[PDB]
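To be precise, the following lines are upload_7.pdb, and they hold PDB, C-alpha atoms.
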```pdb
ATOM      1  CA  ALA A   1     105.156  89.585 107.535  1.00  0.00           C
ATOM      2  CA  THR A   2     105.388  93.096 108.902  1.00  0.00           C
ATOM      3  CA  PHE A   3     106.231  96.109 106.743  1.00  0.00           C
ATOM      4  CA  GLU A   4     106.921  99.355 108.550  1.00  0.00           C
ATOM      5  CA  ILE A   5     106.193 102.178 106.132  1.00  0.00           C
ATOM      6  CA  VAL A   6     107.946 105.407 107.117  1.00  0.00           C
ATOM      7  CA  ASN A   7     107.498 108.833 105.549  1.00  0.00           C
ATOM      8  CA  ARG A   8     110.733 110.821 105.861  1.00  0.00           C
ATOM      9  CA  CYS A   9     109.582 113.288 103.183  1.00  0.00           C
ATOM     10  CA  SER A  10     108.921 116.891 104.193  1.00  0.00           C
ATOM     11  CA  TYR A  11     105.467 116.508 102.610  1.00  0.00           C
ATOM     12  CA  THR A  12     102.499 114.272 103.391  1.00  0.00           C
ATOM     13  CA  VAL A  13     102.134 111.060 101.399  1.00  0.00           C
ATOM     14  CA  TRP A  14      99.316 108.559 101.228  1.00  0.00           C
ATOM     15  CA  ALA A  15     100.860 105.108 101.387  1.00  0.00           C
ATOM     16  CA  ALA A  16      99.281 102.291  99.407  1.00  0.00           C
ATOM     17  CA  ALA A  17      99.664  98.518  99.484  1.00  0.00           C
ATOM     18  CA  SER A  18      98.042  96.078  97.073  1.00  0.00           C
ATOM     19  CA  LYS A  19      98.576  92.827  95.217  1.00  0.00           C
ATOM     20  CA  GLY A  20      96.584  94.039  92.218  1.00  0.00           C
ATOM     21  CA  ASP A  21      93.304  92.260  92.873  1.00  0.00           C
ATOM     22  CA  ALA A  22      93.118  93.033  96.603  1.00  0.00           C
ATOM     23  CA  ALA A  23      94.341  95.357  99.339  1.00  0.00           C
ATOM     24  CA  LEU A  24      97.201  94.332 101.595  1.00  0.00           C
ATOM     25  CA  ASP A  25      96.187  95.135 105.191  1.00  0.00           C
ATOM     26  CA  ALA A  26      94.049  98.297 105.086  1.00  0.00           C
ATOM     27  CA  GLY A  27      95.324  99.091 101.580  1.00  0.00           C
ATOM     28  CA  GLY A  28      96.206 102.716 102.296  1.00  0.00           C
ATOM     29  CA  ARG A  29      96.672 105.447 104.884  1.00  0.00           C
ATOM     30  CA  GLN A  30      97.793 109.033 105.230  1.00  0.00           C
ATOM     31  CA  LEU A  31     101.363 109.515 106.505  1.00  0.00           C
ATOM     32  CA  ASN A  32     102.337 113.016 107.569  1.00  0.00           C
ATOM     33  CA  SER A  33     106.021 113.950 107.526  1.00  0.00           C
ATOM     34  CA  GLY A  34     107.786 111.637 109.980  1.00  0.00           C
ATOM     35  CA  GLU A  35     104.878 109.233 110.533  1.00  0.00           C
ATOM     36  CA  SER A  36     105.236 105.436 110.533  1.00  0.00           C
ATOM     37  CA  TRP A  37     102.525 102.912 109.634  1.00  0.00           C
ATOM     38  CA  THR A  38     103.061  99.200 110.220  1.00  0.00           C
ATOM     39  CA  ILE A  39     101.075  96.752 108.119  1.00  0.00           C
ATOM     40  CA  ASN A  40     100.775  93.000 108.098  1.00  0.00           C
ATOM     41  CA  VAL A  41     101.055  91.185 104.787  1.00  0.00           C
ATOM     42  CA  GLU A  42      99.918  87.562 104.560  1.00  0.00           C
ATOM     43  CA  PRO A  43     102.687  85.006 104.037  1.00  0.00           C
ATOM     44  CA  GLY A  44     102.823  83.729 100.452  1.00  0.00           C
ATOM     45  CA  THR A  45     101.755  87.070  98.987  1.00  0.00           C
ATOM     46  CA  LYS A  46     102.895  87.057  95.349  1.00  0.00           C
ATOM     47  CA  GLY A  47     103.282  90.253  93.337  1.00  0.00           C
ATOM     48  CA  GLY A  48     102.656  92.678  96.180  1.00  0.00           C
ATOM     49  CA  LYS A  49     103.492  96.356  95.812  1.00  0.00           C
ATOM     50  CA  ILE A  50     103.828  99.361  98.109  1.00  0.00           C
ATOM     51  CA  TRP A  51     103.940 102.928  96.816  1.00  0.00           C
ATOM     52  CA  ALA A  52     103.422 106.554  97.817  1.00  0.00           C
ATOM     53  CA  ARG A  53     100.648 108.786  96.521  1.00  0.00           C
ATOM     54  CA  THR A  54     101.025 112.565  96.477  1.00  0.00           C
ATOM     55  CA  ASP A  55      98.646 115.545  96.597  1.00  0.00           C
ATOM     56  CA  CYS A  56      95.550 113.591  97.585  1.00  0.00           C
ATOM     57  CA  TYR A  57      92.081 114.638  98.597  1.00  0.00           C
ATOM     58  CA  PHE A  58      89.594 112.277 100.201  1.00  0.00           C
ATOM     59  CA  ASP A  59      86.100 112.868 101.524  1.00  0.00           C
ATOM     60  CA  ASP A  60      84.716 111.337 104.728  1.00  0.00           C
ATOM     61  CA  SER A  61      83.865 108.094 102.889  1.00  0.00           C
ATOM     62  CA  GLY A  62      87.469 107.669 101.713  1.00  0.00           C
ATOM     63  CA  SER A  63      86.810 108.571  98.085  1.00  0.00           C
ATOM     64  CA  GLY A  64      88.778 111.195  96.193  1.00  0.00           C
ATOM     65  CA  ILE A  65      91.782 111.711  93.948  1.00  0.00           C
ATOM     66  CA  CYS A  66      95.602 111.743  94.042  1.00  0.00           C
ATOM     67  CA  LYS A  67      97.934 113.421  91.582  1.00  0.00           C
ATOM     68  CA  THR A  68     100.276 110.443  91.536  1.00  0.00           C
ATOM     69  CA  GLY A  69      99.534 106.798  92.265  1.00  0.00           C
ATOM     70  CA  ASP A  70      95.738 107.098  92.431  1.00  0.00           C
ATOM     71  CA  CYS A  71      94.072 103.691  92.834  1.00  0.00           C
ATOM     72  CA  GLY A  72      90.556 104.240  91.472  1.00  0.00           C
ATOM     73  CA  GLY A  73      89.998 107.173  93.827  1.00  0.00           C
ATOM     74  CA  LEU A  74      90.137 105.144  97.039  1.00  0.00           C
ATOM     75  CA  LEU A  75      92.000 105.987 100.224  1.00  0.00           C
ATOM     76  CA  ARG A  76      92.189 102.255 100.922  1.00  0.00           C
ATOM     77  CA  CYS A  77      93.662 100.828  97.707  1.00  0.00           C
ATOM     78  CA  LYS A  78      92.467  97.510  96.316  1.00  0.00           C
ATOM     79  CA  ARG A  79      94.180  97.870  92.925  1.00  0.00           C
ATOM     80  CA  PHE A  80      97.519  99.141  91.600  1.00  0.00           C
ATOM     81  CA  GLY A  81      98.087 102.881  91.242  1.00  0.00           C
ATOM     82  CA  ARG A  82      98.187 105.237  88.283  1.00  0.00           C
ATOM     83  CA  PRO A  83     101.727 106.033  87.086  1.00  0.00           C
ATOM     84  CA  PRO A  84     104.074 107.662  87.782  1.00  0.00           C
ATOM     85  CA  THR A  85     104.782 105.551  90.875  1.00  0.00           C
ATOM     86  CA  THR A  86     108.083 104.369  92.325  1.00  0.00           C
ATOM     87  CA  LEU A  87     107.341 100.762  93.317  1.00  0.00           C
ATOM     88  CA  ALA A  88     108.504  98.567  96.189  1.00  0.00           C
ATOM     89  CA  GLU A  89     107.753  95.073  94.861  1.00  0.00           C
ATOM     90  CA  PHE A  90     107.774  91.768  96.688  1.00  0.00           C
ATOM     91  CA  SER A  91     106.826  88.124  96.593  1.00  0.00           C
ATOM     92  CA  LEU A  92     106.916  86.286  99.912  1.00  0.00           C
ATOM     93  CA  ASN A  93     107.448  82.628 100.790  1.00  0.00           C
ATOM     94  CA  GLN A  94     108.186  81.521  97.248  1.00  0.00           C
ATOM     95  CA  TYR A  95     109.697  78.068  97.680  1.00  0.00           C
ATOM     96  CA  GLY A  96     111.249  79.077 100.999  1.00  0.00           C
ATOM     97  CA  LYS A  97     112.531  82.544 100.062  1.00  0.00           C
ATOM     98  CA  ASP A  98     111.314  86.148  99.800  1.00  0.00           C
ATOM     99  CA  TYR A  99     112.096  88.288  96.754  1.00  0.00           C
ATOM    100  CA  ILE A 100     112.226  92.100  96.812  1.00  0.00           C
ATOM    101  CA  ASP A 101     113.034  94.908  94.382  1.00  0.00           C
ATOM    102  CA  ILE A 102     112.377  98.516  93.496  1.00  0.00           C
ATOM    103  CA  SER A 103     111.022  99.312  90.037  1.00  0.00           C
ATOM    104  CA  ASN A 104     110.862 102.432  87.845  1.00  0.00           C
ATOM    105  CA  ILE A 105     108.997 100.533  85.098  1.00  0.00           C
ATOM    106  CA  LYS A 106     105.868 102.521  86.016  1.00  0.00           C
ATOM    107  CA  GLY A 107     107.836 105.753  86.451  1.00  0.00           C
ATOM    108  CA  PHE A 108     109.000 107.580  89.568  1.00  0.00           C
ATOM    109  CA  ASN A 109     107.203 109.901  91.984  1.00  0.00           C
ATOM    110  CA  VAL A 110     108.865 109.660  95.406  1.00  0.00           C
ATOM    111  CA  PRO A 111     112.342 108.398  96.391  1.00  0.00           C
ATOM    112  CA  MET A 112     112.360 105.159  98.381  1.00  0.00           C
ATOM    113  CA  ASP A 113     114.464 102.682 100.356  1.00  0.00           C
ATOM    114  CA  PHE A 114     113.167  99.116 100.730  1.00  0.00           C
ATOM    115  CA  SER A 115     115.153  97.130 103.300  1.00  0.00           C
ATOM    116  CA  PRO A 116     114.763  94.042 105.483  1.00  0.00           C
ATOM    117  CA  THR A 117     114.512  94.654 109.233  1.00  0.00           C
ATOM    118  CA  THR A 118     115.568  91.056 109.839  1.00  0.00           C
ATOM    119  CA  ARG A 119     118.818  89.214 109.049  1.00  0.00           C
ATOM    120  CA  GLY A 120     120.156  87.601 105.897  1.00  0.00           C
ATOM    121  CA  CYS A 121     119.978  90.074 102.988  1.00  0.00           C
ATOM    122  CA  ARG A 122     120.589  93.632 101.824  1.00  0.00           C
ATOM    123  CA  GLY A 123     118.147  96.429 101.017  1.00  0.00           C
ATOM    124  CA  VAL A 124     117.609  98.344  97.780  1.00  0.00           C
ATOM    125  CA  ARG A 125     117.279 102.081  97.237  1.00  0.00           C
ATOM    126  CA  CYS A 126     116.289 104.583  94.575  1.00  0.00           C
ATOM    127  CA  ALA A 127     116.714 107.978  96.152  1.00  0.00           C
ATOM    128  CA  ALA A 128     118.146 110.175  93.368  1.00  0.00           C
ATOM    129  CA  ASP A 129     116.335 113.322  92.211  1.00  0.00           C
ATOM    130  CA  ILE A 130     114.620 111.653  89.275  1.00  0.00           C
ATOM    131  CA  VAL A 131     111.773 114.156  89.175  1.00  0.00           C
ATOM    132  CA  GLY A 132     114.138 117.145  89.081  1.00  0.00           C
ATOM    133  CA  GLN A 133     116.302 115.578  86.351  1.00  0.00           C
ATOM    134  CA  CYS A 134     113.421 114.010  84.339  1.00  0.00           C
ATOM    135  CA  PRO A 135     113.673 114.314  80.530  1.00  0.00           C
ATOM    136  CA  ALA A 136     111.221 116.913  79.191  1.00  0.00           C
ATOM    137  CA  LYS A 137     109.130 114.367  77.282  1.00  0.00           C
ATOM    138  CA  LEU A 138     108.653 112.199  80.388  1.00  0.00           C
ATOM    139  CA  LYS A 139     107.646 114.934  82.827  1.00  0.00           C
ATOM    140  CA  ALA A 140     104.183 114.321  84.240  1.00  0.00           C
ATOM    141  CA  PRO A 141     102.231 117.605  84.439  1.00  0.00           C
ATOM    142  CA  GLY A 142     100.332 116.165  87.399  1.00  0.00           C
ATOM    143  CA  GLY A 143     103.673 115.456  89.111  1.00  0.00           C
ATOM    144  CA  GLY A 144     106.482 112.875  88.799  1.00  0.00           C
ATOM    145  CA  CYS A 145     108.461 111.320  85.943  1.00  0.00           C
ATOM    146  CA  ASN A 146     106.567 108.954  83.613  1.00  0.00           C
ATOM    147  CA  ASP A 147     108.033 105.789  82.151  1.00  0.00           C
ATOM    148  CA  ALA A 148     108.250 105.739  78.348  1.00  0.00           C
ATOM    149  CA  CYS A 149     105.567 103.048  77.948  1.00  0.00           C
ATOM    150  CA  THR A 150     103.026 105.252  79.714  1.00  0.00           C
ATOM    151  CA  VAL A 151     103.911 108.205  77.498  1.00  0.00           C
ATOM    152  CA  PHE A 152     104.343 106.561  74.070  1.00  0.00           C
ATOM    153  CA  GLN A 153     102.551 103.180  74.122  1.00  0.00           C
ATOM    154  CA  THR A 154     104.919 101.309  71.774  1.00  0.00           C
ATOM    155  CA  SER A 155     105.833  97.631  71.705  1.00  0.00           C
ATOM    156  CA  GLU A 156     109.456  98.579  72.327  1.00  0.00           C
ATOM    157  CA  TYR A 157     108.817 100.538  75.534  1.00  0.00           C
ATOM    158  CA  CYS A 158     106.085  98.261  76.825  1.00  0.00           C
ATOM    159  CA  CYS A 159     107.961  95.033  75.882  1.00  0.00           C
ATOM    160  CA  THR A 160     104.713  93.671  74.527  1.00  0.00           C
ATOM    161  CA  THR A 161     106.300  90.835  72.544  1.00  0.00           C
ATOM    162  CA  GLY A 162     108.808  89.854  75.228  1.00  0.00           C
ATOM    163  CA  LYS A 163     111.440  91.237  72.884  1.00  0.00           C
ATOM    164  CA  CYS A 164     112.708  94.670  73.821  1.00  0.00           C
ATOM    165  CA  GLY A 165     116.009  96.352  74.601  1.00  0.00           C
ATOM    166  CA  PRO A 166     117.143  99.301  76.702  1.00  0.00           C
ATOM    167  CA  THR A 167     116.233 102.723  75.358  1.00  0.00           C
ATOM    168  CA  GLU A 168     117.321 106.325  75.805  1.00  0.00           C
ATOM    169  CA  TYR A 169     114.524 106.666  78.352  1.00  0.00           C
ATOM    170  CA  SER A 170     115.230 103.472  80.294  1.00  0.00           C
ATOM    171  CA  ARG A 171     118.905 104.419  80.458  1.00  0.00           C
ATOM    172  CA  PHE A 172     117.927 107.681  82.178  1.00  0.00           C
ATOM    173  CA  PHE A 173     116.220 105.820  85.025  1.00  0.00           C
ATOM    174  CA  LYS A 174     119.088 103.321  85.183  1.00  0.00           C
ATOM    175  CA  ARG A 175     121.729 106.042  85.322  1.00  0.00           C
ATOM    176  CA  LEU A 176     120.003 107.821  88.227  1.00  0.00           C
ATOM    177  CA  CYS A 177     119.029 104.583  89.991  1.00  0.00           C
ATOM    178  CA  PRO A 178     121.187 101.565  89.050  1.00  0.00           C
ATOM    179  CA  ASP A 179     119.554  99.404  91.716  1.00  0.00           C
ATOM    180  CA  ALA A 180     115.981  99.611  90.347  1.00  0.00           C
ATOM    181  CA  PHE A 181     114.390  98.009  87.281  1.00  0.00           C
ATOM    182  CA  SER A 182     114.409 100.507  84.395  1.00  0.00           C
ATOM    183  CA  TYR A 183     112.540  98.416  81.818  1.00  0.00           C
ATOM    184  CA  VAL A 184     110.789  95.055  81.695  1.00  0.00           C
ATOM    185  CA  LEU A 185     113.812  93.004  80.579  1.00  0.00           C
ATOM    186  CA  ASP A 186     116.405  94.874  82.624  1.00  0.00           C
ATOM    187  CA  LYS A 187     119.135  92.765  84.207  1.00  0.00           C
ATOM    188  CA  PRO A 188     117.374  91.869  87.478  1.00  0.00           C
ATOM    189  CA  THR A 189     118.194  93.791  90.654  1.00  0.00           C
ATOM    190  CA  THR A 190     115.968  91.520  92.730  1.00  0.00           C
ATOM    191  CA  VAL A 191     117.270  90.604  96.184  1.00  0.00           C
ATOM    192  CA  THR A 192     116.694  87.150  97.678  1.00  0.00           C
ATOM    193  CA  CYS A 193     115.810  87.255 101.369  1.00  0.00           C
ATOM    194  CA  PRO A 194     115.092  84.471 103.863  1.00  0.00           C
ATOM    195  CA  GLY A 195     111.466  83.332 103.737  1.00  0.00           C
ATOM    196  CA  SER A 196     109.277  85.254 106.202  1.00  0.00           C
ATOM    197  CA  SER A 197     111.570  88.257 106.546  1.00  0.00           C
ATOM    198  CA  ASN A 198     110.195  91.600 107.754  1.00  0.00           C
ATOM    199  CA  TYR A 199     110.768  94.929 106.014  1.00  0.00           C
ATOM    200  CA  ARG A 200     110.764  98.700 106.144  1.00  0.00           C
ATOM    201  CA  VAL A 201     109.834 100.952 103.242  1.00  0.00           C
ATOM    202  CA  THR A 202     111.118 104.503 103.755  1.00  0.00           C
ATOM    203  CA  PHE A 203     110.003 107.387 101.536  1.00  0.00           C
ATOM    204  CA  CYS A 204     112.657 110.110 101.058  1.00  0.00           C
ATOM    205  CA  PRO A 205     115.377 108.091 102.845  1.00  0.00           C
ATOM    206  CA  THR A 206     118.090 110.728 102.335  1.00  0.00           C
ATOM    207  CA  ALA A 207     115.920 113.819 102.890  1.00  0.00           C
TER     208      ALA A 207
END
```

Represent the supplied structure as structure tokens.
Amino acid sequence: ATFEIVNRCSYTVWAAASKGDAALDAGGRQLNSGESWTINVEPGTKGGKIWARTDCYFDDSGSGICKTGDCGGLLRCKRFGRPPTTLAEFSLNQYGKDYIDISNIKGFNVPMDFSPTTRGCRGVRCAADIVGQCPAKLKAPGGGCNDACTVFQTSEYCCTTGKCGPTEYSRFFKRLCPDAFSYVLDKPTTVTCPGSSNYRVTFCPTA
């Protein structure tokens, strides 16, 4: 499956792609404003994620740091990134279908659209100014808007027991972005696509 990753932000981002225990394609790359990077993701990939990292520095060996979404200091991510990170999430070729969503469960850093480039399903988008409107207690000093689990580490926010409800904090994310997951047990906003669809992830789709 091909994913074209497009940076429409006015600032540079460092795209990342991982399934948690391995890189997808090269795992990461710098995208200047306007740049597009196309990666290939193996069919059957379960629990894949794509995200943006901001304010990164890497040396010539590809080691460094990012202010949001850092994946163990690597340019080429092999693991998931440090919150806050808006997440494009996907599982491919699962009994004949693909499943896609956007999630704010790990917070929000950069607005995103995640859409198929092939027929048979709709895209999803979370492009509101979540960082600008972020509740004081969730603001990440390093940049972005943290999820409540990251900030407070309670069973209720982290849904540790599989029993949790919406919260004042989850409702903030849901109000700004109805089409993204706002907490673990949120009413799903997952889209079912034909198996083996192709996709485009666009950062800052409306600006």

(request) Could you tell me how far atom CA of residue 206 of chain A lies from atom CA of residue 33 of chain A, in Å and to one decimal? (result)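 Atom CA of residue 33 of chain A lies at a distance of 13.5 Å from atom CA of residue 206 of chain A.
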
(request) Could you tell me how far atom CA of residue 173 of chain A lies from atom CA of residue 2 of chain A, in Å and to one decimal? (result)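 Separation of atom CA of residue 173 of chain A and atom CA of residue 2 of chain A: 29.1 Å.
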
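Atom CA of residue 128 of chain A is positioned 11.0 Å from atom CA of residue 179 of chain A.
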
(request) Please evaluate the PyMOL selection byres ((chain A and resi 166) around 10) against the displayed coordinates and give the resulting residues as a PyMOL selection string. (result) chain A and resi 156-157+164-165+167-171+174+182-186

Keeping only C-alpha atoms, write those residues as a CSV table (one decimal), keeping the file's coordinate frame.
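Okay, this is what ended up in out.csv:
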```csv
chain,number,residue,atom,x,y,z
A,156,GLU,CA,109.5,98.6,72.3
A,157,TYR,CA,108.8,100.5,75.5
A,164,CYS,CA,112.7,94.7,73.8
A,165,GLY,CA,116.0,96.4,74.6
A,167,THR,CA,116.2,102.7,75.4
A,168,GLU,CA,117.3,106.3,75.8
A,169,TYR,CA,114.5,106.7,78.4
A,170,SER,CA,115.2,103.5,80.3
A,171,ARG,CA,118.9,104.4,80.5
A,174,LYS,CA,119.1,103.3,85.2
A,182,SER,CA,114.4,100.5,84.4
A,183,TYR,CA,112.5,98.4,81.8
A,184,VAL,CA,110.8,95.1,81.7
A,185,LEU,CA,113.8,93.0,80.6
A,186,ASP,CA,116.4,94.9,82.6
```

(message) From the options A:89, A:47, A:13, A:34, which residue's atoms come nearest to residue 70 of chain A, counting only C-alpha atoms?
(response)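 Comparing A:89, A:47, A:13, A:34 against residue 70 of chain A, the winner is A:13.
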
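Using only C-alpha atoms, the nearest neighbour of residue 31 of chain A within the list A:129, A:134, A:203, A:105 is A:203.
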
(message) Give me, as JSON, numbers by chain, all polymer residues having an atom no more than 8 Å from residue 43 of chain A, counting all atoms listed in the file and skipping those fewer than 5 positions away in the same chain.
(response) {"A": [1, 92, 93, 196]}

(message) Please expand the PyMOL selection byres ((chain A and resi 85) around 8) into the concrete residues it hits in this file, giving the result as a list in words.
(response) residues 51, 52, 53, 68, 69, 81, 82, 83, 84, 86, 87, 104, 106, 107, 108, 109, 110 and 144 of chain A

Taking every listed atom of segment 21-30 of chain A and adding 3 Å to each side, what centre and edge lengths in Å (one decimal) does the axis-aligned box have, as AutoDock Vina command-line options?
```
--center_x 95.5 --center_y 100.6 --center_z 99.1 --size_x 10.7 --size_y 22.8 --size_z 18.4
```

(message) Running the PyMOL selection byres ((chain A and resi 199) around 9) on this model by hand, what would come out? Give it as a PyMOL selection string.
(response) chain A and resi 1-5+114-118+197-198+200-201

(message) So, with all atoms listed in the file as the atoms that count, which of A:148, A:16, A:121, A:102 lies closest to residue 72 of chain A?
(response)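 Result for the nearest residue to residue 72 of chain A: A:16.
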
C-alpha atoms of segment 127-147 of chain A from block above, as a PDB file, in the first residue's frame:
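After the write, part.pdb holds the following:
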```
ATOM      1  CA  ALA A 127      -7.835  20.240  11.419  1.00  0.00           C
ATOM      2  CA  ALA A 128      -9.182  22.561  14.143  1.00  0.00           C
ATOM      3  CA  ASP A 129      -6.849  24.807  16.152  1.00  0.00           C
ATOM      4  CA  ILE A 130      -6.544  22.428  19.082  1.00  0.00           C
ATOM      5  CA  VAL A 131      -3.189  23.805  20.193  1.00  0.00           C
ATOM      6  CA  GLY A 132      -4.460  27.399  20.252  1.00  0.00           C
ATOM      7  CA  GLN A 133      -7.624  26.442  22.165  1.00  0.00           C
ATOM      8  CA  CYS A 134      -5.983  23.837  24.473  1.00  0.00           C
ATOM      9  CA  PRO A 135      -7.095  23.902  28.136  1.00  0.00           C
ATOM     10  CA  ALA A 136      -4.391  25.402  30.371  1.00  0.00           C
ATOM     11  CA  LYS A 137      -3.749  22.155  32.252  1.00  0.00           C
ATOM     12  CA  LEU A 138      -3.184  20.210  29.016  1.00  0.00           C
ATOM     13  CA  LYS A 139      -0.794  22.630  27.321  1.00  0.00           C
ATOM     14  CA  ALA A 140       2.551  20.998  26.607  1.00  0.00           C
ATOM     15  CA  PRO A 141       5.403  23.434  27.361  1.00  0.00           C
ATOM     16  CA  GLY A 142       7.457  21.679  24.689  1.00  0.00           C
ATOM     17  CA  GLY A 143       4.616  22.281  22.207  1.00  0.00           C
ATOM     18  CA  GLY A 144       1.167  20.785  21.489  1.00  0.00           C
ATOM     19  CA  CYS A 145      -1.857  19.766  23.566  1.00  0.00           C
ATOM     20  CA  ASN A 146      -1.448  16.722  25.839  1.00  0.00           C
ATOM     21  CA  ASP A 147      -4.140  14.132  26.426  1.00  0.00           C
TER      22      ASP A 147
END
```
